[PDB]
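Take a look at this single chain in structure tokens; it is the form deposited in one PDB entry.
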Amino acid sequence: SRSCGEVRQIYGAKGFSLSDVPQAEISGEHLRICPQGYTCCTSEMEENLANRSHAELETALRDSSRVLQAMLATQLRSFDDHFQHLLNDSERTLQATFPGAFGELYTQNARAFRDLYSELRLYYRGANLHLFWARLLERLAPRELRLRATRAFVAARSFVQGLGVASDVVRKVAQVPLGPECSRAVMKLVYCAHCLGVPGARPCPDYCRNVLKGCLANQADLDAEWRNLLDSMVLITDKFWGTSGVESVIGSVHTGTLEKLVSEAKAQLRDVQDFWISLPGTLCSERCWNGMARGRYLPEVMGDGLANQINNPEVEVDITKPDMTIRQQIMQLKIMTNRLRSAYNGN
């Protein structure tokens, strides 16, 4: 009973000084974060534990963000390269087989055709959205190419650009720092059990979830527009198939790999659609500590988002102060989603 021994054992494996830990429990009136009671932790010990917990949560969030961003980058590069190869090899197919087939009409105008495909590459890159036949006719059905090429290219470009926007939102949101009250609540969640005499106690799941939802609420606001974006990006792949399909059009300009990539992308995107609300449940998964002491955790789990954190017991959140960067990224999501929807619905 009244053991500072085990707390001393744990506190030293964090790298912290073993001189600062008392032999027995002292008066805990001086504790800023932890609820005041008899404790084995001093002020500096408590602060060090706070720093440690904050760094832990930060590290976890960073790692998760790195994983998501890596997946998105891989997908983006993959699809972009596949489309570029599709067009480049359409042009290559035009180079190898054509020269004697179309006669010498092709031989003289070959440079003009190369210029055409180059311009199409410019259209795929979104460099110029304005859309040769005059130059041809002067130097001497196309409207179907005019419609189809647009329909396909805007879809592919919107998909790639969409992945880019997702990656951008993840990356820029990842830079948002945690609040001081969040740090305090996290310290109260994790290492306050050690100070209060129950170092071997595991925190309650609902308690952890309320803390993490309190901290991450702003990030949780991204849910609706993130899901909308991913949904539209799933939908834009429906245009890829058929005689009027995207790949067939991109390949038919002069007149399966993409399928597997689309399936994989579908799986990976369905996996990450829960991302913004998933983090609290994920971290809490990998006779409990309710922050007062060992026992049951009374309060129910809060809903997701900033507004639902107004009554959050473990974290005091100001819902009239939305993070600006988050809302900016929300707008980015809504805009890209609108562009995808427009690209899908025919203009």
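One rule holds for the numbers: they count along the sequence shown, beginning at 1. In this text, rigid core is short for the largest set of C-alphas that superpose within 1.5 Å between two forms.
Not on display, but discussed next: the form deposited in another entry.
The comparison between this form and the one not shown, aligned on the rigid core, picks out a single residue among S263, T97, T74, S244 whose CA moves by 2 Å or more, and that residue is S244. Superposition of the core reveals a Cα shift of 2 Å or more for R148 between this form and the one not shown. Wider separation of the C-alpha atoms of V160 and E247, by 3 angstroms or more, is seen in that other deposited form than in the present form.
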